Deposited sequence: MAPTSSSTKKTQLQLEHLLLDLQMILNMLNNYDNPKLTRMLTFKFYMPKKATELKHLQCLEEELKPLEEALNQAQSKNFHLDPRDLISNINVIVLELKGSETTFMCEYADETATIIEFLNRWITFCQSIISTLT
């Protein structure tokens, strides 16, 4: 339904802001930002695969908390949107390799645009 398209766009904008918050703030800890490793979904083609994102929302916040600029507010709005799109409690599978926070955000930003392109 269109209600599903709206919520993904809301989710896309929040993910869009976090990615733009790192690609414009370069001086603060180019060191520390590239060291966090996030677990990637094996296959992200269905709407239920947001379980792989929900479980990493808390580690995403702890990485953003080390950058002073509000991270706690953005992660909460992301959490409520994810809980309204994937919701059975399915067993999400992860890839073997970990990725950077930049690659992690681009993966789910691409995921939302992929599902938003599917519904339209």
item	value
Sequence ranges absent from the coordinates, based on the deposited chain and numbered from 1	1-7, 77-81, 100-101
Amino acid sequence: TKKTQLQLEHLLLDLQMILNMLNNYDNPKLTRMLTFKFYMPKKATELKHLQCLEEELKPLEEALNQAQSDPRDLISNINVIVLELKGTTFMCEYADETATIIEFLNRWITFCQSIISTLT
From here on, numbers count along this sequence of modelled residues.
{"query": "104-112 or 16-24, whichever carries the higher mean Cα B-factor", "finding": "16-24"}
{"query": "Comparing 47-55 with 27-35, the one whose average Cα B-factor in the PDB entry is higher", "finding": "27-35"}
{"query": "Peak C-alpha temperature factor (PDB record), options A67, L60, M40, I78", "finding": "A67"}
{"query": "Lowest, middle or highest third - CA B-factor, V82", "finding": "lowest"}
